Amino acid sequence: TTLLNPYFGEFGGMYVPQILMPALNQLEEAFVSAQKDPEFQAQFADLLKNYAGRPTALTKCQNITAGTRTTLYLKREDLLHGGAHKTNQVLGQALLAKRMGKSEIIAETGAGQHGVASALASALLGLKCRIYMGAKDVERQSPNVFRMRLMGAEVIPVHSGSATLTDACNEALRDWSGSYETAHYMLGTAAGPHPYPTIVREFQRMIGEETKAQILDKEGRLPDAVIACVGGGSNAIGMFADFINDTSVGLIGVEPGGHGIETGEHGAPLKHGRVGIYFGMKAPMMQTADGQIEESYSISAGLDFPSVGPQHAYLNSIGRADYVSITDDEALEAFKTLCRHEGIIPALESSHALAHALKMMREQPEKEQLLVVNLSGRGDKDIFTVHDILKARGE
Amino acid sequence: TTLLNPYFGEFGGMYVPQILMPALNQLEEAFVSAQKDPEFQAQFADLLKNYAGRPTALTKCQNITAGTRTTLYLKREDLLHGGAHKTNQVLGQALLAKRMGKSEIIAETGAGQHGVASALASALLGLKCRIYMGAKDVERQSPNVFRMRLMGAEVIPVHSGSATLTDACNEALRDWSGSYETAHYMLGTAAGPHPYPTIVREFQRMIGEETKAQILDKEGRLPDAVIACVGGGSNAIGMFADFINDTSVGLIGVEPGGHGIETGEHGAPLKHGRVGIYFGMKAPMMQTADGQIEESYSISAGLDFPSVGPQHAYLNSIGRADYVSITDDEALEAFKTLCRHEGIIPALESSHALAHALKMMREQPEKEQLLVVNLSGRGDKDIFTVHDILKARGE
Amino acid sequence: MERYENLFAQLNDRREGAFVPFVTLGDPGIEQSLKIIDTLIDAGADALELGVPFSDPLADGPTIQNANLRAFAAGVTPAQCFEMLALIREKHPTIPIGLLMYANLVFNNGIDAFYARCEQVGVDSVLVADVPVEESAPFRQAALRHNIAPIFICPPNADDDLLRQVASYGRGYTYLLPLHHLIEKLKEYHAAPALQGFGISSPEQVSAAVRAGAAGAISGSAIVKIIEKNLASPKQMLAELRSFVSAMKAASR
Amino acid sequence: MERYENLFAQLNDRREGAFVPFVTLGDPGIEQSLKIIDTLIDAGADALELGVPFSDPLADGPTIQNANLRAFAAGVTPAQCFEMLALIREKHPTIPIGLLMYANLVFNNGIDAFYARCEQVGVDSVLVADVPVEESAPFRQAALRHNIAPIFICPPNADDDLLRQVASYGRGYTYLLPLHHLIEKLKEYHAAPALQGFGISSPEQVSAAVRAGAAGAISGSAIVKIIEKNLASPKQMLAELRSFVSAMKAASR
Ligand SMILES: *Cc1c(COP(=O)(O)O)cnc(C)c1O
Ligand SMILES: *Cc1c(COP(=O)(O)O)cnc(C)c1O
Ligand SMILES: [Cl-]
Ligand SMILES: [Cl-]
Ligand SMILES: [Cl-]
Ligand SMILES: [Cl-]
Ligand SMILES: [Cl-]
Ligand SMILES: [Cl-]
Ligand SMILES: [Cl-]
Ligand SMILES: [Cl-]
Ligand SMILES: [Cl-]
Ligand SMILES: [Cl-]
Ligand SMILES: [Cl-]
Ligand SMILES: [Cl-]
Ligand SMILES: [Cl-]
Ligand SMILES: [Cl-]
Ligand SMILES: [Cl-]
Ligand SMILES: [Cl-]
Ligand SMILES: [Cl-]
Ligand SMILES: [Cl-]
Ligand SMILES: [Cl-]
Ligand SMILES: [Cl-]
Ligand SMILES: [Cl-]
Ligand SMILES: [Cl-]
Ligand SMILES: [Cs+]
Ligand SMILES: [Cs+]
Ligand SMILES: [Cs+]
Ligand SMILES: [Cs+]
Ligand SMILES: [Cs+]
Ligand SMILES: [Cs+]
C-alpha cells in the first residue's frame with residue numbers, strides 16, 4: 001500500500017528488494033506530509049532563494065535568432081548555485097531527511113556531478129554525507145572528488161564488482177538498507193523507485209513555474225514549446241510539469257544521440273530502447289537481446305545513461321510530450337554558437353536542448369515560434385572536452 | 001576641463017599622454033549623459049537582470065558563526081553570470097561604447113579574468129572585441145585564452161618588452177590612441193585615469209544598494225560593517241558606495257598580505273606602499289626607493305597588483321574606510337571553512353574578505369556584530385591552486 | 001514446487017533440517033560450475049539456489065557481485081544458464097532447484113515465457129531479488145501457472161501485514177532473513193516452510209536455525225567465498241566445498 | 001632652456017633646421033650608451049632627447065619598450081642616468097639636452113627636487129610622457145624655477161584651446177606629432193619653436209618639416225632601431241648611427 005500512485009501508466013513502480021520497502025514507504029509519507037506543511041515549504045523557499053539564488057533569469061536570445069521568426073528564451077539554471085539545476089532538488093531532499101529525523105545522507109556518483117550537489121546541500125544543512133564511488137571513477141575524477149572532500153563529504157571508493165557506478169549504487173543501497181533509520185538516500189534524478197520520480201519532479205517544478213510567469217510577463221502568452229535535455233529526466237520534468245495541463249504548449253525532451261543512433265553508441269532509450277525493469281523501475285532502457293543492460297554513450301557525462309525516468313515514458317506514450325535526439329556533433333555546434341553569439345558557456349548536457357531549438361529555427365526559419373530552452377547548467381566543466389575534440393579534428 | 005572632479009582629495013587625475021585626453025573627455029561626456037538618460041538606465045537594468053541574473057542573493061551563514069555573537073551575510077556576486085562581479089561593469093561599459101557609436105572593444109588581460117568578462121559582454125552585444133595579452137601570459141593561460149576565443153574575441157599575443165601585462169596594456173592603449181573613434185577601451189577595475197574610477201564605481205554600485213535593501217528587509221537595520229577584498233578596488237567600491245553617507249556603517253577593505261607584509265611579498269599598497277603616479281592615476285603603489293614599480297605577490301591572481309584605485313586611498317585618508325590585510329594562509333583557511341561549513345566554494349580573492357570577517361568574529365566572539373562580506377566570485381578556478389598547496393604541505 | 005513438498009516431508013520423517021547452498025551459474029566458468037554443483041549435491045546439499053549472471057545487479061553483496069562479474073566476464077549468458085539447468089535436473093531427479101533472478105531477465109522476453117522455460121528445464125522455484133510482494137502479482141501468477149514456487153523474502157523489518165502476504169503468496173519455502181516469533185507467525189499463517197538465510201556460514205548457525213523451528217538454512221554467500229578463495233586450484237576448490245557442505249549438513253541432523 | 005634659444009637663433013642665422021635624435025640612456029649598457037651619444041653629436045645632432053628607463057612605461061611603442069628593457073634589465077638606474085647626464089653635459093657645453101621622463105620618476109623624491117637635480121647636471125628641458133597639459137601645473141612650475149624648459153606634445157587631435165595652452169605653457173620647443181596650419185597657429189600664439197616628431201625616419205621627412213616652416217625634426221625611434229639591429233656589433237652600431245645622423249642633418253640644411 002502507498003499513499004500516492006507509484007505508476008505513470010505502465011511505467012514506474014517500486015522494484016526493490018523487500019528490505020527497502022519500509023524505507024520507501026517512510027519517505028513517501030514524509031514527502032506527502034511535507035507537501036502539506038507551510039513551514040516546510042517556507043524553509044525550502046528560503047534555501048532556494050537566499051542560498052541558491054532563485055528565481056533564475058529568463059534570457060532572451062537575440063543574436064542567435066536574428067533574421068528568423070523564432071523568439072528563443074533560455075531558462076538560466078546555469079546561474080543557480082552549483083552551476084546546474086541539480087541543486088534545487090538536493091536541497092529539498094536534505095530538508096526531507098531532516099524532517100524524518102535523519103542527520104546522514106547517502107549518495108553515489110560516477111562522474112561526480114550529483115556527488116558534488118549532494119555534498120553541498122549536506123554541508124549547508126550540517127548533514128554527514130557519505131558518497132559511494134567506484135574506484136575506477138575516483139581515479140578519473142580527481143576534481144570532483146576534491147570538491148566533495150572540501151565540502152566535508154566522505155568519498156568511499158568501491159572496489160567490488162567492476163568498481164564503477166553500478167557497484168557504487170549497490171553499496172549505497174546496501175548501506176541504506178541497514179541505516180535508513182538514521183540516513184537518507186539522495187537519488188540524483190527523476191528515476192528509480194517510487195517515490196523518487198514524484199519527489200524529484202515536485203522539487204524541480206519551480207523551473208517551469210517560474211518560466212511560465214516570466215514568459216507571460218514578457219510576451220503575454222505561453223510558449224509554443226519548452227525544450228529540455230534528458231539524462232535521467234529531472235530538469236526536463238521540472239520544466240514540463242507546470243505546463244502539462246496547458247495542452248497548447250509543446251513539451252520536447254532531447255535524448256543524447258551520441259555518435260548517431262544507427263551506431264548504437266547513444267543514450268536514447270525512450271525512443272531507441274525497450275521497456276525493462278532495473279534500478280527500481282519499469283522504464284525504457286537500452287538492452288541486449290537477452291535482457292542485459294547495454295552501455296550508453298554520450299559526449300556529455302550527465303546524459304550518458306541507458307535508462308530514463310518513468311514519467312517521461314508515460315508522457316511520450318500518451319503523446320503529451322515528444323522526444324528527439326541530438327548527436328555529439330550537433331551539441332558541440334550549439335555549444336560553440338551560444339559562446340560566440342550570447343557570451344554564455346552552456347553545459348554540454350544543455351547544449352543538446354539548445355541544438356534542437358536551433359534545428360527547429362533553422363529548418364523552418366519563417367515559422368513564427370516562441371521557444372524556451374531549459375539551460376540546465378554552465379559549461380566551464382566541458383571546456384577541455386570541447387578543446388580536445390576541436391583540436392583532434394583540426395579547428 | 002572636465003564635467004566631473006577627476007580627483008578624490010589628492011588622489012586620481014588623468015595622467016595620460018596628451019593624445020589620449022580627447023578619448024577620456026569623450027567617455028566622460030557620454031557617461032554623464034548616460035547617467036541622466038532613463039533609456040540607458042533601463043537597457044542596463046535589463047541586461048543586469050535578464051542576462052546577468054541580478055539581484056544576487058544575500059545568504060545568511062549559520063554554521064560558520066555558531067556559538068558567537070556575529071551574524072554574517074554573504075553578498076553572492078559569485079552567482080552572477082560569469083562567476084564574479086566583473087560582469088556588472090563590463091555590461092555598462094559595453095553600453096557606453098554603443099552610446100558613443102562604437103562597435104569595437106579593446107581590453108588587455110594578464111591571468112585572463114577581465115579578458116573573459118570583456119569577451120562575454122562583447123559577444124552578447126555583438127561588439128568586435130580584441131584583447132591584448134603578453135605572449136608569456138598566453139602560454140600560461142590556455143583555459144582563459146580558449147574561453148575568450150570561444151566567445152569570438154581576438155586574443156592578440158604581445159611579444160614586445162617583457163611580453164606580460166604592462167606590455168599588453170601599453171599595446172591596448174597605443175591601439176586605442178589611434179582607434180578611439182571606433183573602439184572603446186574597457187578598463188577592468190576602479191582605477192586608471194578619470195573617468196574610469198567613477199564609471200566603474202557607478203556601474204558596480206548595485207552591489208551595495210541591493211545589500212542595503214536586503215539587510216534592511218531581513219534585519220531591520222544597516223550592517224555594522226561591510227567587508228570586501230581589494231585588487232584594483234571595483235567590488236569593494238561597489239559594495240561601499242551606497243553606504244558612504246551612512247556613517248555608522250564600517251567600510252573595511254582587505255588587501256592581500258601574500259607571504260606576510262614583512263616579507264615584501266604582498267599586494268597591499270594602500271597601507272604598505274607609497275603614493276606615486278602610474279597607469280593614469282596618482283595612487284598608492286608598491287615602489288622601490290628610486291621610484292620603479294615593485295612586483296606584487298598574492299596567492300590570488302585577481303588581487304595580485306602593486307596599486308589600488310584612488311577613491312580607496314581617499315576614503316582611507318579621511319578615515320571613512322579602514323584597510324587591512326590577510327595572508328595567503330588566512331585566505332586558504334577561509335576558503336576551506338566556507339566549502340566545509342556552507343557548501344560554497346569562494347574565489348580565493350573573496351576568501352580574503354571572508355578571512356577578515358572570520359577574524360573579527362573569532363577575536364571577539366561575544367561582540368554583537370552584523371557583518372556583510374562581498375563574496376566577489378566563485379572558486380572553481382582556484383581548486384588546483386588549493387589542491388597543490390595542501391598536498392605540498394601534506395594535508 | 002512438489003520437489004520441496006516431498007523434500008520437507010522426508011526431512012520431517014528424519015527430524016532433519018534442510019541445508020541449501022547458493023552459487024552463481026557459470027562461476028568461474030561453465031565446466032567448473034557444473035562440477036561445483038555436482039559436488040554440493042554429493043556432499044549433502046538438500047536443494048540448490050542458483051543465480052543467473054546479470055549486467056547490473058543492485059541487490060547483492062560484494063562476494064556475489066564478484067562472482068557475478070567472473071561469470072559475466074567469462075561470457076556466461078542466460079541461454080547457457082538454462083542449458084546448465086536442464087543438465088543439472090537430468091542428473092538429479094529429486095533435488096529442488098531454485099533460481100535467484102533479477103526482474104529484467106524474467107521480464108525480458110515475457111514473464112510467462114520465462115516461467116514456461118523454467119518448467120521445461122525442471123526448475124522448482126524462483127526468487128526475484130528486486131520484486132517486493134507489492135509488485136509480485138504477474139510473477140507469482142506466471143510461476144504458479146507453470147508449477148514453479150514463487151519464493152519471497154521475509155526481512156528483519158517485517159510487519160504483520162507483510163507476514164500475512166508472504167505466507168499467502170509464497171510456495172516452496174519462505175526465505176527468512178524476535179526470530180522464534182517470526183517462525184511462529186509464519187506457521188500460524190500457513191506459510192511455506194522457513195529457511196533462515198541471514199549470514200549462514202558455520203555449523204552452529206545451522207543447528208540454531210533448526211532449534212528455532214525453521215525448516216533449515218540457506219548459505220547465501222559462504223560457498224561463493226570458497227570459490228573466490230580457491231580460483232587458482234580447481235581441485236582444492238572442490239575439496240573445500242565438499243568439506244564445508246558436509247559439515248553444514250551434519251549440523252542439520 | 002637658454003641653450004634652445006641660442007641654438008634656434010644660430011640655426012636661423014644659417015637658415016637650417018634642427019635634427020634631434022632620441023635614445024634611451026644606458027641602452028644597451030652605460031659605456032656603449034655614452035659612445036652612442038657622443039657619436040650622435042659628432043655626426044651633427046643639434047640637440048638630444050634622452051630617456052630614463054622605467055619599470056612600467058605605458059606610453060612608448062615596441063621599439064622603445066625593447067630598448068627600455070635592455071637598459072632596465074642591464075641594471076641601469078635613474079641615479080646612474082643622472083651620472084651619465086652630468087658627464088654628457090661636461091663634454092658638450094652648448095648641445096641642448098632634453099629628458100623624456102615618466103611622471104613617477106619625477107614625482108618619486110619630490111617634483112621640485114627632481115628639477116633641481118636636472119639643473120645641477122645641466123639638463124635643458126623635460127618632457128613628461130604621461131602628464132597632459134591639464135595636469136602639468138606642478139611640473140612646469142618646478143621646471144621654470146630651475147631654468148628647465150617644460151616640453152609639451154601637440155598631438156594630431158589638438159584643438160584651439162590645446163594650441164593656446166601648449167603655446168603659453170611650453171618652453172624650449174613644441175613637440176609636434178592640417179600641418180602647415182598647426183605650425184602657423186603655434187607661431188601666432190608665440191609658442192616655443194616646433195619640432196616635428198611624427199615618424200621621422202628618412203632625410204625627405206626632415207626637409208619636409210623644414211619646408212613646412214617647423215624649426216626641425218625629432219627622430220623618436222629610428223636611432224633606437226639601429227641600436228636594436230646592431231647589438232652584436234658595437235663598432236658597426238656606431239658606424240650606422242653616424243651615417244644615419246649625418247644624412248638626417250644634411251637634410252635640414
Ligand atoms: C545532471 C545534469 C543533467 C541531466 O540530468 P537530468 O536528471 O536529466 O536533468 C543535465 N544537465 C546538467 C547541466 C546536469 O548537471
Ligand atoms: C577581479 C576580481 C577581484 C579583484 O578586482 P576588484 O576590482 O578589486 O574587485 C576580486 N574578486 C574576484 C572574484 C575577481 O574576479
Ligand atoms: Cl494511491
Ligand atoms: Cl501522471
Ligand atoms: Cl500497473
Ligand atoms: Cl506563501
Ligand atoms: Cl559546475
Ligand atoms: Cl557534519
Ligand atoms: Cl585536483
Ligand atoms: Cl579536503
Ligand atoms: Cl554497507
Ligand atoms: Cl498563478
Ligand atoms: Cl544477446
Ligand atoms: Cl568639475
Ligand atoms: Cl569623493
Ligand atoms: Cl588636486
Ligand atoms: Cl524606473
Ligand atoms: Cl569563473
Ligand atoms: Cl562581432
Ligand atoms: Cl584548454
Ligand atoms: Cl574557438
Ligand atoms: Cl596598435
Ligand atoms: Cl530607497
Ligand atoms: Cl632602489
Ligand atoms: Cs528573431
Ligand atoms: Cs539517457
Ligand atoms: Cs551566530
Ligand atoms: Cs592590490
Ligand atoms: Cs503458502
Ligand atoms: Cs612660450
Side-chain angles (χ1 to χ4, degrees), chain A residues 10-11 13 15 273-278 282-283 285 287-293, chain C residues 1-7 20 22-26 30 33-34 37 47-57 59 68 71-72 76-153 166 168-175 192:
Chain A
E10 80 204 76
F11 303 101
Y15 295 93
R274 213 157 50 69
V275 62
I277 301 165
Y278 125 110
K282 180 175 291 181
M285 41 196 35
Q287 296 190 55
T288 70
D290 64 352
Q292 303 294 3
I293 311 300
Chain C
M1 69 195 83
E2 212 172 350
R3 293 194 174 83
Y4 289 104
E5 288 153 17
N6 292 345
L7 172 69
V20 182
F22 170 82
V23 298
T24 302
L25 284 166
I30 291 156
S33 180
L34 293 166
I37 289 164
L48 301 167
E49 188 193 46
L50 304 175
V52 175
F54 180 53
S55 65
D56 294 86
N68 185 78
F72 191 97
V76 170
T77 64
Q80 289 168 333
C81 287
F82 272 73
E83 295 153 24
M84 294 175 67
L85 293 163
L87 294 174
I88 292 154
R89 166 58 68 219
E90 244 185 331
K91 284 181 291 186
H92 304 284
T94 58
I95 303 284
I97 291 166
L99 302 187
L100 184 295
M101 298 304 303
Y102 278 91
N104 202 49
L105 292 177
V106 174
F107 171 86
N108 183 56
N109 198 33
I111 292 173
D112 185 82
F114 182 80
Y115 283 97
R117 186 74 175 126
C118 290
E119 176 182 28
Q120 177 180 48
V121 303
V123 157
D124 300 294
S125 62
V126 172
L127 194 179
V128 190
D130 50 343
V131 174
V133 294
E134 291 87 345
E135 291 281 5
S136 66
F139 295 90
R140 64 195 167 71
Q141 291 151 8
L144 294 175
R145 286 191 303 272
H146 297 283
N147 297 121
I148 303 304
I151 306 295
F152 292 105
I153 291 171
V166 168
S168 174
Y169 295 159
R171 292 296 196 284
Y173 61 87
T174 303
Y175 194 125

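Residue numbering restarts at 1 for every chain, and letters A, B, ... go by the order of the sequence lines. Keep in mind that the numbers below use all heavy atoms, side chains included, and drop hydrogens, waters and symmetry copies.
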Less than 4.0 Å between a side-chain N and a carboxylate O, is that true for C:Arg89 and C:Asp124?
-> yes
Would you confirm whether the ring centroid of C:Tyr102 sits within less than 6.0 angstrom of the ring centroid of A:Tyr15?
-> no
Hey, are the side chains of [X] and [Y] touching, using non-hydrogen atoms and a 4.5 Å cut-off?
X: C:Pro53; Y: C:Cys81; answer: yes
X: C:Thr24; Y: C:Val76; answer: no
X: C:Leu144; Y: C:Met1; answer: yes
X: C:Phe82; Y: C:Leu99; answer: yes
X: C:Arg171; Y: C:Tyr4; answer: no
X: C:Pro78; Y: A:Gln292; answer: yes
X: C:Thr94; Y: C:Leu7; answer: no

If I take atom [atom1] from residue [X] and atom [atom2] from residue [Y], how far apart are they, to the nearest 0.5 angstrom?
X: A:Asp290; Y: C:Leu105; atom1: CG; atom2: CG; result: 7.5 Å
X: C:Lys91; Y: C:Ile37; atom1: NZ; atom2: CD1; result: 7.5 Å
X: C:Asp130; Y: C:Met101; atom1: CG; atom2: CE; result: 10.0 Å
X: C:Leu127; Y: C:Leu50; atom1: CG; atom2: CG; result: 12.5 Å
X: C:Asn104; Y: C:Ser55; atom1: CG; atom2: OG; result: 7.5 Å

Grab the two heavy atoms, one from [X] and one from [Y], that are nearest each other, plus how far apart they are.
X: C:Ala47; Y: C:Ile95; result: CA-CG2, 3.8 Å
X: C:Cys118; Y: C:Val126; result: SG-CG2, 4.0 Å
X: A:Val275; Y: A:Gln287; result: O-NE2, 2.9 Å

Residue pair A:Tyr278, C:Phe107: steps toward the ring-ring contact (aromatic ring centres under 6.0 Å, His included) verdict | CA-CA 10 Å; A:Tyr278 125 110; C:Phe107 171 86; over 10 Å; no
Any donor and acceptor pair, going by atom type alone, linking the side chain of [X] with main-chain N or O of [Y] inside 3.5 Å?
X: C:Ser125; Y: C:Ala149; value: no
X: C:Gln80; Y: C:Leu25; value: no
X: C:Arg3; Y: C:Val123; value: no

Go through the steps for C:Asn108 and A:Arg274 under the test side chain to side chain contact (heavy atoms under 4.5 Å, CB included), then give the verdict.
-> CA-CA 9 Å; C:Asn108 183 56; A:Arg274 213 157 50 69; 2.7 Å; yes
Going through the distances and angles, do C:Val106 and C:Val131 end up as a side chain to side chain contact (heavy atoms under 4.5 Å, CB included)?
-> CA-CA 11 Å; C:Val106 174; C:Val131 174; over 6 Å; no
Distance-only side-chain donor-acceptor flag, C:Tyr169 / C:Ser136, under 3.5 Å = no
Please lay out, stage by stage, how C:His146 and C:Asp112 fare under the test side chain to side chain contact (heavy atoms under 4.5 Å, CB included).
-> CA-CA 8 Å; C:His146 297 283; C:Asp112 185 82; 2.9 Å; yes
Give a yes or no on whether C:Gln141 atom CD has more than 12 heavy-atom contacts from other residues, nucleotides or ligands under 6.0 Å away.
-> yes
Verify side chain to side chain contact (heavy atoms under 4.5 Å, CB included) between C:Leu48 and C:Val23, making sure each step is shown before the conclusion.
-> CA-CA 8 Å; C:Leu48 301 167; C:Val23 298; over 6 Å; no
